[PDB]
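**Q** Structure file input-v3.cif (mmCIF, C-alpha atoms and all ligand atoms) right here:
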data_target
#
loop_
_atom_site.label_atom_id
_atom_site.label_comp_id
_atom_site.auth_asym_id
_atom_site.auth_seq_id
_atom_site.Cartn_x
_atom_site.Cartn_y
_atom_site.Cartn_z
CA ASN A 2 -9.27 10.57 3.42
CA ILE A 3 -6.66 10.60 6.20
CA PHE A 4 -4.25 7.94 4.87
CA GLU A 5 -3.88 10.07 1.75
CA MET A 6 -3.00 13.10 3.88
CA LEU A 7 -0.43 11.23 5.96
CA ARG A 8 1.04 9.68 2.81
CA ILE A 9 1.51 13.21 1.50
CA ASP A 10 3.13 14.35 4.76
CA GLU A 11 5.36 11.35 5.55
CA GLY A 12 6.05 9.94 2.10
CA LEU A 13 7.60 6.48 1.71
CA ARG A 14 11.09 5.08 2.35
CA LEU A 15 12.53 1.56 2.22
CA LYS A 16 15.66 2.18 4.30
CA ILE A 17 15.96 3.61 7.82
CA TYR A 18 15.60 7.40 7.88
CA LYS A 19 15.70 10.27 10.39
CA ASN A 20 12.23 11.79 10.65
CA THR A 21 11.12 15.39 11.14
CA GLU A 22 12.15 15.30 14.81
CA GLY A 23 15.47 13.58 14.12
CA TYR A 24 14.48 10.19 15.57
CA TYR A 25 14.88 6.89 13.70
CA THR A 26 11.87 6.10 11.53
CA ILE A 27 10.76 3.55 8.90
CA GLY A 28 8.02 3.02 6.31
CA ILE A 29 5.31 5.65 6.04
CA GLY A 30 6.33 7.66 9.09
CA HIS A 31 6.52 4.71 11.47
CA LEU A 32 8.78 5.79 14.31
CA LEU A 33 11.12 2.96 15.23
CA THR A 34 13.10 4.61 18.01
CA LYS A 35 13.85 7.74 19.99
CA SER A 36 17.40 6.49 20.51
CA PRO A 37 19.98 7.73 18.03
CA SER A 38 21.95 4.47 17.93
CA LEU A 39 21.36 2.77 14.57
CA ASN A 40 21.32 -0.83 15.76
CA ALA A 41 19.22 0.19 18.75
CA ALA A 42 16.59 1.00 16.12
CA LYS A 43 16.66 -2.50 14.64
CA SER A 44 14.49 -3.77 17.49
CA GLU A 45 10.96 -2.46 16.77
CA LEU A 46 10.84 -3.55 13.10
CA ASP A 47 12.23 -7.04 13.80
CA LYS A 48 9.71 -7.33 16.63
CA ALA A 49 6.90 -6.20 14.32
CA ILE A 50 7.57 -8.85 11.68
CA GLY A 51 9.32 -11.56 13.70
CA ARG A 52 12.42 -12.09 11.56
CA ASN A 53 15.92 -10.57 11.28
CA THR A 54 15.92 -7.78 8.69
CA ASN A 55 19.03 -5.59 9.09
CA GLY A 56 16.64 -2.62 8.94
CA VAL A 57 14.60 -3.07 5.74
CA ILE A 58 10.90 -3.65 5.02
CA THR A 59 8.59 -4.38 2.08
CA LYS A 60 5.86 -2.07 0.73
CA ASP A 61 2.91 -4.09 2.03
CA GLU A 62 4.64 -4.18 5.42
CA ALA A 63 4.91 -0.38 5.28
CA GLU A 64 1.20 -0.15 4.40
CA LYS A 65 0.30 -2.57 7.18
CA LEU A 66 2.51 -0.54 9.53
CA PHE A 67 0.69 2.54 8.26
CA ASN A 68 -2.81 1.18 9.00
CA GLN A 69 -1.50 -0.13 12.32
CA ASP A 70 0.10 3.18 13.26
CA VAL A 71 -3.16 5.00 12.62
CA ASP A 72 -4.89 2.32 14.71
CA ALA A 73 -2.43 2.93 17.56
CA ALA A 74 -3.12 6.64 17.10
CA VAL A 75 -6.87 6.18 17.52
CA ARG A 76 -6.21 3.94 20.56
CA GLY A 77 -4.08 6.71 22.05
CA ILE A 78 -6.53 9.54 21.45
CA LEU A 79 -9.35 7.67 23.21
CA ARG A 80 -6.93 6.74 25.98
CA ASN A 81 -5.77 10.33 26.42
CA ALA A 82 -7.89 12.49 28.73
CA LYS A 83 -7.44 16.08 27.48
CA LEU A 84 -7.83 15.38 23.75
CA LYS A 85 -10.77 12.93 23.59
CA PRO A 86 -13.29 15.64 24.57
CA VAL A 87 -11.71 17.87 21.91
CA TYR A 88 -11.93 15.03 19.38
CA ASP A 89 -15.44 13.68 20.03
CA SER A 90 -16.91 17.02 18.92
CA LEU A 91 -15.09 17.30 15.57
CA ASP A 92 -16.04 16.35 12.00
CA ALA A 93 -14.14 14.00 9.65
CA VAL A 94 -11.70 16.63 8.34
CA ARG A 95 -10.70 18.26 11.64
CA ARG A 96 -10.67 14.83 13.28
CA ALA A 97 -8.26 13.81 10.53
CA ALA A 98 -6.00 16.81 11.28
CA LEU A 99 -5.95 15.91 14.98
CA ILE A 100 -5.17 12.29 14.13
CA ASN A 101 -2.34 13.64 11.97
CA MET A 102 -0.79 15.58 14.85
CA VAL A 103 -1.19 12.67 17.29
CA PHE A 104 0.32 10.38 14.66
CA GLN A 105 3.20 12.81 14.19
CA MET A 106 4.27 13.65 17.74
CA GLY A 107 2.81 10.80 19.77
CA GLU A 108 0.06 10.25 22.32
CA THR A 109 1.94 11.62 25.35
CA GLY A 110 3.35 14.86 23.94
CA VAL A 111 0.38 16.24 22.00
CA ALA A 112 -1.77 16.52 25.15
CA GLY A 113 0.42 19.46 26.17
CA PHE A 114 -1.38 21.73 23.72
CA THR A 115 -3.99 22.62 26.34
CA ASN A 116 -4.62 26.19 25.15
CA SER A 117 -5.27 25.05 21.60
CA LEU A 118 -7.13 21.84 22.41
CA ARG A 119 -9.49 23.95 24.51
CA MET A 120 -9.55 26.50 21.69
CA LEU A 121 -10.74 23.67 19.44
CA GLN A 122 -13.48 22.33 21.70
CA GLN A 123 -14.98 25.82 21.63
CA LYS A 124 -14.38 25.83 17.86
CA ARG A 125 -12.39 29.08 17.82
CA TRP A 126 -10.51 28.23 14.62
CA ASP A 127 -8.82 31.54 13.69
CA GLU A 128 -7.01 32.60 16.87
CA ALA A 129 -6.28 28.90 17.39
CA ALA A 130 -4.54 28.98 14.02
CA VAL A 131 -2.62 32.05 15.13
CA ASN A 132 -1.55 30.35 18.36
CA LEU A 133 -0.55 27.05 16.74
CA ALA A 134 1.63 29.13 14.42
CA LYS A 135 3.49 29.99 17.62
CA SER A 136 4.42 26.46 18.69
CA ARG A 137 7.41 24.11 18.68
CA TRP A 138 5.53 21.95 16.18
CA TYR A 139 5.49 24.77 13.60
CA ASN A 140 9.26 24.85 14.12
CA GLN A 141 9.45 21.10 13.50
CA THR A 142 7.30 20.91 10.36
CA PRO A 143 6.31 24.47 9.29
CA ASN A 144 4.88 23.34 5.94
CA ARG A 145 3.01 20.40 7.45
CA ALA A 146 2.04 22.56 10.42
CA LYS A 147 0.59 25.09 8.00
CA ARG A 148 -1.43 22.38 6.23
CA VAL A 149 -2.80 20.76 9.40
CA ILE A 150 -3.61 24.19 10.84
CA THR A 151 -5.36 25.10 7.58
CA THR A 152 -7.38 21.88 7.85
CA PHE A 153 -8.35 22.80 11.41
CA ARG A 154 -9.29 26.30 10.24
CA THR A 155 -11.44 25.70 7.16
CA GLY A 156 -12.60 22.13 7.79
CA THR A 157 -12.04 20.84 4.26
CA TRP A 158 -9.41 19.06 2.16
CA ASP A 159 -8.28 22.28 0.47
CA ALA A 160 -4.75 22.46 1.89
CA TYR A 161 -3.53 18.98 0.94
CA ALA A 162 -4.69 19.05 -2.70
CA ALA A 163 -2.04 21.70 -3.41
CA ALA A 164 0.52 19.40 -1.82
CA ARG A 165 -0.78 16.68 -4.14
CA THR A 166 -0.15 18.95 -7.14
CA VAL A 167 3.37 19.66 -5.87
CA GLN A 168 3.97 15.92 -5.46
CA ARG A 169 2.95 15.46 -9.10
CA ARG A 170 5.34 18.20 -10.24
CA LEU A 171 8.32 16.88 -8.29
CA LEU A 172 7.61 13.28 -9.31
CA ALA A 173 7.58 14.41 -12.93
CA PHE A 174 10.97 16.07 -12.50
CA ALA A 175 12.35 12.94 -10.84
CA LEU A 176 11.04 10.60 -13.54
CA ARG A 177 12.46 12.79 -16.29
CA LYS A 178 15.86 12.79 -14.58
CA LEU A 179 15.77 9.03 -13.92
CA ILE A 180 14.66 7.91 -17.38
CA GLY A 181 17.21 10.42 -18.62
CA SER A 182 19.87 8.66 -16.56
CA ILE A 183 18.98 5.12 -17.71
CA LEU A 184 18.94 6.01 -21.42
CA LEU A 185 21.08 7.94 -23.89
CA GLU A 186 17.95 9.51 -25.43
CA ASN A 187 16.82 13.06 -24.61
CA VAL A 188 13.59 12.93 -22.57
CA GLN A 189 11.81 16.29 -22.78
CA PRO A 190 9.42 17.48 -20.05
CA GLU A 191 6.67 17.12 -22.67
CA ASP A 192 6.99 13.33 -22.87
CA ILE A 193 6.77 12.93 -19.10
CA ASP A 194 3.85 15.35 -19.34
CA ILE A 195 2.36 12.77 -21.70
CA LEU A 196 3.06 10.13 -19.05
CA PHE A 197 0.98 12.22 -16.64
CA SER A 198 -1.85 13.47 -18.90
CA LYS A 199 -2.38 10.02 -20.34
CA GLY A 200 -1.34 7.13 -18.09
CA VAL A 201 1.16 5.74 -20.60
CA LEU A 202 4.50 6.73 -22.15
CA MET A 203 6.22 4.53 -24.72
CA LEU A 204 9.71 5.17 -26.03
CA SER A 205 11.11 3.00 -28.80
CA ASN A 206 14.49 2.14 -30.30
CA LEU A 207 16.36 3.23 -27.17
CA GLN A 208 19.84 2.73 -25.77
CA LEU A 209 20.95 2.02 -22.20
CA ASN A 210 23.50 4.22 -20.49
CA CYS A 211 26.25 1.70 -19.71
CA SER A 212 27.72 4.02 -17.06
CA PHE A 213 24.39 3.97 -15.21
CA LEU A 214 24.33 0.17 -15.25
CA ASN A 215 27.97 -0.19 -14.21
CA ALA A 216 27.28 2.20 -11.32
CA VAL A 217 24.03 0.56 -10.20
CA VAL A 218 24.59 -3.17 -10.72
CA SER A 219 28.31 -2.86 -9.97
CA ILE A 223 31.15 -6.51 -13.52
CA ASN A 224 31.35 -4.49 -16.74
CA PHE A 225 28.47 -3.72 -19.11
CA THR A 226 29.62 -3.04 -22.67
CA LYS A 227 26.38 -1.80 -24.26
CA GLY A 228 22.64 -1.94 -23.62
CA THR A 229 19.89 -1.45 -26.18
CA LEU A 230 16.18 -1.55 -25.43
CA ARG A 231 13.73 -1.92 -28.31
CA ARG A 232 10.73 -0.67 -26.36
CA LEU A 233 10.12 0.94 -22.98
CA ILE A 234 6.70 1.38 -21.45
CA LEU A 235 6.04 3.50 -18.40
CA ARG A 236 2.71 3.85 -16.63
CA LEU A 237 1.65 5.88 -13.63
CA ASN A 238 -1.37 5.39 -11.39
CA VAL A 239 -2.27 9.00 -12.12
CA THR A 240 -5.79 8.62 -10.73
CA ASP A 241 -4.15 7.95 -7.34
CA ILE A 242 -0.69 9.55 -7.49
CA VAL A 243 -0.32 9.67 -3.69
CA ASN A 244 -0.73 5.91 -3.30
CA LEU A 245 1.91 5.52 -5.97
CA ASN A 246 1.98 2.57 -8.35
CA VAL A 247 4.63 2.61 -11.08
CA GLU A 248 4.73 0.26 -14.07
CA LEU A 249 8.00 -0.09 -15.93
CA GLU A 250 8.35 -2.50 -18.84
CA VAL A 251 11.28 -3.28 -21.11
CA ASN A 252 10.91 -5.25 -24.34
CA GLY A 253 13.85 -6.32 -26.47
CA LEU A 254 16.45 -5.68 -23.80
CA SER A 255 19.97 -6.29 -25.08
CA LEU A 256 22.66 -6.32 -22.41
CA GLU A 257 26.32 -6.98 -23.17
CA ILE A 258 28.48 -7.78 -20.16
CA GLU A 259 32.19 -8.34 -19.57
CA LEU A 260 33.44 -10.25 -16.52
CA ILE A 281 20.98 -3.64 -4.16
CA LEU A 282 18.57 -0.86 -5.19
CA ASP A 283 19.81 1.69 -2.63
CA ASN A 284 22.96 2.52 -4.60
CA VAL A 285 20.79 3.75 -7.48
CA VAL A 286 19.26 6.29 -5.12
CA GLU A 287 22.77 7.20 -4.02
CA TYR A 288 23.98 7.83 -7.57
CA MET A 289 21.21 10.25 -8.45
CA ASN A 290 21.53 11.75 -4.97
CA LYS A 291 25.01 12.69 -6.09
CA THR A 292 24.43 13.72 -9.71
CA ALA A 293 21.00 15.35 -9.76
CA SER A 294 20.37 16.68 -6.24
CA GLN A 295 21.90 20.01 -7.20
CA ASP A 296 20.08 20.44 -10.50
CA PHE A 297 16.84 19.16 -9.00
CA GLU A 298 17.42 21.65 -6.21
CA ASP A 299 18.12 24.24 -8.87
CA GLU A 300 14.78 23.32 -10.44
CA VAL A 301 12.76 22.91 -7.24
CA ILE A 302 13.89 26.33 -6.06
CA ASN A 303 13.28 27.70 -9.57
CA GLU A 304 9.70 26.45 -9.58
CA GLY A 305 9.29 27.99 -6.13
CA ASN A 316 17.97 16.71 -0.07
CA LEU A 317 14.36 16.65 -1.29
CA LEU A 318 14.83 14.54 -4.43
CA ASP A 319 15.95 11.62 -2.25
CA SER A 320 12.46 10.93 -0.88
CA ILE A 321 10.67 11.14 -4.23
CA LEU A 322 13.13 8.71 -5.82
CA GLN A 323 12.83 6.24 -2.97
CA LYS A 324 9.03 6.26 -3.14
CA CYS A 325 9.23 5.91 -6.92
CA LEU A 326 11.61 2.94 -6.96
CA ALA A 327 9.71 1.37 -4.04
CA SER A 328 6.37 1.64 -5.83
CA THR A 329 7.52 0.28 -9.18
CA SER A 330 6.71 -3.25 -10.34
CA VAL A 331 8.90 -4.33 -13.24
CA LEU A 332 8.26 -6.34 -16.40
CA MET A 333 10.70 -7.44 -19.09
CA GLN A 334 10.11 -9.43 -22.26
CA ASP A 335 12.39 -11.08 -24.81
CA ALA A 336 15.67 -10.03 -23.23
CA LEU A 337 19.12 -10.99 -24.52
CA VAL A 338 22.19 -11.00 -22.31
CA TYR A 339 25.82 -11.71 -23.14
CA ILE A 340 28.51 -12.30 -20.54
CA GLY A 341 32.28 -12.51 -20.98
CA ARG A 348 31.25 -15.13 -24.38
CA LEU A 349 28.05 -16.81 -23.16
CA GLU A 350 24.52 -15.96 -24.32
CA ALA A 351 21.39 -15.97 -22.16
CA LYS A 352 18.01 -15.65 -23.85
CA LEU A 353 15.03 -14.77 -21.67
CA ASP A 354 11.41 -15.05 -22.82
CA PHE A 355 9.74 -13.16 -19.96
CA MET A 356 10.49 -11.89 -16.43
CA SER A 357 8.65 -9.96 -13.69
CA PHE A 358 9.59 -8.23 -10.43
CA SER A 359 6.72 -7.84 -7.97
CA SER A 360 5.89 -7.93 -4.24
CA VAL A 361 5.01 -11.25 -2.58
CA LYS A 362 4.72 -13.29 0.63
CA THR A 366 11.67 -11.66 2.50
CA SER A 367 11.50 -9.22 -0.43
CA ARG A 368 10.19 -8.71 -3.95
CA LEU A 369 10.09 -11.84 -6.09
CA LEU A 370 11.90 -12.06 -9.42
CA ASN A 371 10.04 -14.61 -11.53
CA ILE A 372 11.80 -15.66 -14.74
CA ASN A 373 10.45 -17.74 -17.65
CA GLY A 374 12.02 -19.11 -20.82
CA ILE A 375 15.76 -19.01 -20.18
CA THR A 376 17.89 -20.74 -22.80
CA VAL A 377 21.65 -20.30 -22.63
CA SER A 378 23.95 -21.04 -25.57
CA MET A 379 27.01 -19.95 -27.55
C1 LIG B 1 18.75 -4.63 -17.11
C2 LIG B 1 17.61 -3.65 -16.84
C3 LIG B 1 17.51 -2.64 -17.99
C4 LIG B 1 16.44 -1.59 -17.67
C5 LIG B 1 17.01 -0.53 -16.72
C6 LIG B 1 15.86 0.22 -16.04
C7 LIG B 1 15.62 -0.37 -14.66
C8 LIG B 1 16.02 0.64 -13.58
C9 LIG B 1 14.83 1.54 -13.24
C10 LIG B 1 14.07 1.16 -11.97
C11 LIG B 1 14.62 -0.05 -11.20
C12 LIG B 1 13.64 -0.48 -10.11
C13 LIG B 1 14.18 -1.76 -9.45
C14 LIG B 1 13.40 -2.05 -8.17
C15 LIG B 1 14.37 -2.51 -7.08
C16 LIG B 1 15.10 -3.79 -7.49
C17 LIG B 1 16.22 -4.07 -6.49
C18 LIG B 1 16.83 -5.45 -6.75
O1 LIG B 1 17.71 -5.60 -7.60
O2 LIG B 1 16.35 -6.46 -5.97
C19 LIG B 1 16.60 -6.17 -4.59
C20 LIG B 1 15.94 -7.22 -3.69
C21 LIG B 1 15.91 -6.70 -2.25
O3 LIG B 1 14.56 -6.48 -1.84
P1 LIG B 1 13.72 -5.22 -2.42
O4 LIG B 1 12.68 -4.77 -1.47
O5 LIG B 1 13.09 -5.73 -3.82
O6 LIG B 1 14.80 -4.07 -2.77
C22 LIG B 1 14.45 -2.69 -2.66
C23 LIG B 1 15.53 -1.96 -1.86
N1 LIG B 1 16.84 -2.58 -2.09
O7 LIG B 1 16.69 -8.44 -3.74
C24 LIG B 1 16.17 -9.27 -4.68
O8 LIG B 1 15.02 -9.71 -4.66
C25 LIG B 1 17.14 -9.66 -5.81
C26 LIG B 1 16.76 -11.03 -6.38
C27 LIG B 1 17.93 -11.58 -7.20
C28 LIG B 1 18.41 -10.52 -8.19
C29 LIG B 1 19.60 -11.07 -8.99
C30 LIG B 1 19.10 -12.03 -10.06
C31 LIG B 1 20.27 -12.53 -10.92
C32 LIG B 1 20.13 -11.99 -12.35
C33 LIG B 1 19.44 -12.92 -13.36
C34 LIG B 1 18.96 -14.27 -12.81
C35 LIG B 1 20.00 -15.36 -13.08
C36 LIG B 1 19.87 -15.86 -14.52
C37 LIG B 1 20.91 -16.95 -14.77
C38 LIG B 1 20.57 -17.69 -16.07
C39 LIG B 1 21.78 -18.52 -16.51
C40 LIG B 1 22.81 -17.61 -17.16
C41 LIG B 1 24.02 -18.44 -17.59
#
Would you write out, as structure tokens, the structure that this file holds?

**A**
Amino acid sequence: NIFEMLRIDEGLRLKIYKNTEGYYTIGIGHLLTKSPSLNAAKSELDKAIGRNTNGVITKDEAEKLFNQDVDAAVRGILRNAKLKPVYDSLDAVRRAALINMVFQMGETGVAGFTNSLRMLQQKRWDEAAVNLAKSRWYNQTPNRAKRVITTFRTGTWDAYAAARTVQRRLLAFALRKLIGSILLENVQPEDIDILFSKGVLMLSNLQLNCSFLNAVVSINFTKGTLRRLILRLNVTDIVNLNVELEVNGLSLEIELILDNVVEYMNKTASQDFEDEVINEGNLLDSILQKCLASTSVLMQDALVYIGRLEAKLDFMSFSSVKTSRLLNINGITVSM
């Protein structure tokens, strides 16, 4: 369906980001503001929820904002005079492509494509596709433009499936690099391939990379050992990403929030990922953000030392709830 398509095109991001046009945007392609002042952006989100945020949202809020943005899109199309005749005639797929464009560039601006809108009422797909290739929008999002145009041309979901495959490939690269970064163990592409072929990947007798932890948590970690690590991907629906990370037998030693993680990799891997992404034929930043945003975390039988005090944890979980994700912890006993 359409939400899948737009998820592919826009992706997901938890912090405030500059969209395809350069304007300030949040969530799954929700455009906050046309203004380029950062704090001037803070208005639409805060208004949407009703509480002071400093520019951050939750996943369900991004999904709600998604559904709502598509609803505003359909309001706009029916409101708009030149497009509604063009739209009323079309089938689900082409309708979806139109909705995508209107979603992307807004109600007001899209109605300027008179030549092509008319070209679409008459159902002249080919030369329409040639003409849309010669448009400011192709300049904005040439890849996306090519996909939407393809959708308009053939009338099926052929163009976006390839994008789905690409998403899988990139996500695999990102997960290999990330798990690689957390641990001292060598994670081959074959194991992540296992994580994608079968839903599960379990690594055992591992060891945390203390440099990673020191950089992310930021407070000195001495050593970290994890008995068992379980990763799971909603492979059946990779576009609506759901990640399941689980750590059993965590063993942290310490001597005396998420965004920085993204920063670290952004530094260290962006080049190599770029080297790979070009090889396959700042991109890694989006993938990682969607990944870490989609993940729900579990941990069992952890052991932490601080210094030295000892904290023993029976079970903990990190999931989304009704100003952020909730960290529920069970079975803490602290001793010497
Ligand atoms: C130790 C872990 C070892 C395993 C390492 C692999 C994990 C890393 C791989 C993926 C990580 C994915 C994490 C998902 C994001 C978590 C971010 C976070 O820390 O919470 C931030 C979140 C902000 O909202 P979000 O929308 O969830 O953030 C997303 C964008 N910032 O803020 C929170 O909810 C934090 C809640 C409090 C966290 C601090 C809790 C203190 C630590 C232990 C509890 C205290 C125990 C004390 C017992 C007594 C001891 C004497």

**Q** Could you give me, as CSV, every chain A residue with an atom at most 6 Å from ligand LIG 1 (chain B), plus its closest atom pair and distance in Å to one decimal, counting only C-alpha atoms and all ligand atoms, rows ordered by chain then number?

**A**
residue,atom,partner,partner_atom,distance
A:59,CA,B:LIG1,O4,5.4
A:281,CA,B:LIG1,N1,4.7
A:282,CA,B:LIG1,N1,3.9
A:283,CA,B:LIG1,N1,5.2
A:326,CA,B:LIG1,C12,5.1
A:351,CA,B:LIG1,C40,5.5
A:367,CA,B:LIG1,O3,4.3
A:368,CA,B:LIG1,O5,4.2
A:369,CA,B:LIG1,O8,5.6
A:370,CA,B:LIG1,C26,5.8
A:377,CA,B:LIG1,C41,5.9

**Q** Work out how far apart atom CA of residue A:27 and atom CA of residue A:97 are and give it in Å to one decimal.

**A**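 According to the coordinates, atom CA of residue A:27 and atom CA of residue A:97 are separated by 21.7 Å.
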
**Q** From the list A:189, A:205, A:55, A:34, which residue is nearest residue A:254 when using all atoms listed in the file?

**A**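 Checking each of A:189, A:205, A:55, A:34 against residue A:254, counting all atoms listed in the file, the winner is A:205.
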
**Q** Determine, counting all atoms listed in the file, which protein, DNA and RNA residues have an atom within 12 Å of an atom of residue A:22; residues of the same chain fewer than 2 positions away are not included. Present the result as a PDB file with C-alpha atoms, in the coordinates of the input.

**A**
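Final output, around-v3.pdb:
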ATOM      1  CA  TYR A  18      15.600   7.400   7.880  1.00  0.00           C
ATOM      2  CA  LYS A  19      15.700  10.270  10.390  1.00  0.00           C
ATOM      3  CA  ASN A  20      12.230  11.790  10.650  1.00  0.00           C
ATOM      4  CA  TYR A  24      14.480  10.190  15.570  1.00  0.00           C
ATOM      5  CA  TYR A  25      14.880   6.890  13.700  1.00  0.00           C
ATOM      6  CA  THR A  26      11.870   6.100  11.530  1.00  0.00           C
ATOM      7  CA  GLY A  30       6.330   7.660   9.090  1.00  0.00           C
ATOM      8  CA  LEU A  32       8.780   5.790  14.310  1.00  0.00           C
ATOM      9  CA  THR A  34      13.100   4.610  18.010  1.00  0.00           C
ATOM     10  CA  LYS A  35      13.850   7.740  19.990  1.00  0.00           C
ATOM     11  CA  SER A  36      17.400   6.490  20.510  1.00  0.00           C
ATOM     12  CA  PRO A  37      19.980   7.730  18.030  1.00  0.00           C
ATOM     13  CA  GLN A 105       3.200  12.810  14.190  1.00  0.00           C
ATOM     14  CA  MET A 106       4.270  13.650  17.740  1.00  0.00           C
ATOM     15  CA  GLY A 107       2.810  10.800  19.770  1.00  0.00           C
ATOM     16  CA  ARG A 137       7.410  24.110  18.680  1.00  0.00           C
ATOM     17  CA  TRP A 138       5.530  21.950  16.180  1.00  0.00           C
ATOM     18  CA  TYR A 139       5.490  24.770  13.600  1.00  0.00           C
ATOM     19  CA  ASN A 140       9.260  24.850  14.120  1.00  0.00           C
ATOM     20  CA  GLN A 141       9.450  21.100  13.500  1.00  0.00           C
ATOM     21  CA  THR A 142       7.300  20.910  10.360  1.00  0.00           C
TER      22      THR A 142
END

**Q** What's the separation between atom CA of residue A:67 and atom CA of residue A:29, in Å to one decimal place?

**A**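 About the pair atom CA of residue A:67 and atom CA of residue A:29: they are 6.0 Å apart.
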
**Q** Considering all atoms listed in the file, return as a PyMOL selection string whatever protein or nucleic-acid residues lie within 10 Å of residue A:293, sequence-local ones (same chain, fewer than 2 positions apart) excluded.

**A** chain A and resi 175+178-179+182+288-291+295-299+318-319

**Q** Determine, counting only C-alpha atoms, which protein, DNA and RNA residues have an atom within 9 Å of an atom of residue A:357; residues of the same chain fewer than 2 positions away are not included. Present the result as a ChimeraX atom specification.

**A** /A:330-334,355,359,369-373

**Q** Please provide the set of residues having any atom within 8 Å of residue A:88, restricted to all atoms listed in the file, with same-chain residues fewer than 5 positions apart removed, written as a list in words.

**A** residues 78, 96, 99 and 122 of chain A

**Q** Report, as AutoDock Vina command-line options, the centre and edge lengths in Å (one decimal) of the axis-aligned box enclosing every listed atom of stretch 188-195 of chain A, padded by 4 Å on each side.

**A**
--center_x 8.0 --center_y 15.1 --center_z -21.0 --size_x 19.2 --size_y 12.7 --size_z 11.8

**Q** Mind giving me the straight-line distance from atom CA of residue A:95 to atom CA of residue A:159 in Å, one decimal?

**A** 12.1 Å

**Q** When you count all atoms listed in the file, which of these residues is closest to residue A:136: A:113, A:50, A:258, A:206?

**A**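 Closest to residue A:136, using all atoms listed in the file: A:113.
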
**Q** So, counting only C-alpha atoms, which residue among A:327, A:57, A:185, A:3 is closest to residue A:102?

**A**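 Result for the nearest residue to residue A:102: A:3.
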
**Q** So, counting all atoms listed in the file, which residue among A:90, A:238, A:328, A:151 is closest to residue A:121?

**A**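 Under the stated criterion, the closest residue is A:90.
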
**Q** Given only C-alpha atoms as the basis, pick out the residue of A:376, A:260, A:338, A:250 nearest to residue A:356.

**A**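 For residue A:356, the nearest of the given residues is A:250.
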
**Q** Which is closest to residue A:337 among A:176, A:256, A:322, A:247, if we use all atoms listed in the file?

**A** A:256

**Q** Might you pull out every residue within 12 Å of residue A:108, with only C-alpha atoms counted and same-chain residues fewer than 2 positions away left off, and present them as a ChimeraX atom specification?

**A** /A:70-71,73-85,99-106,110-114
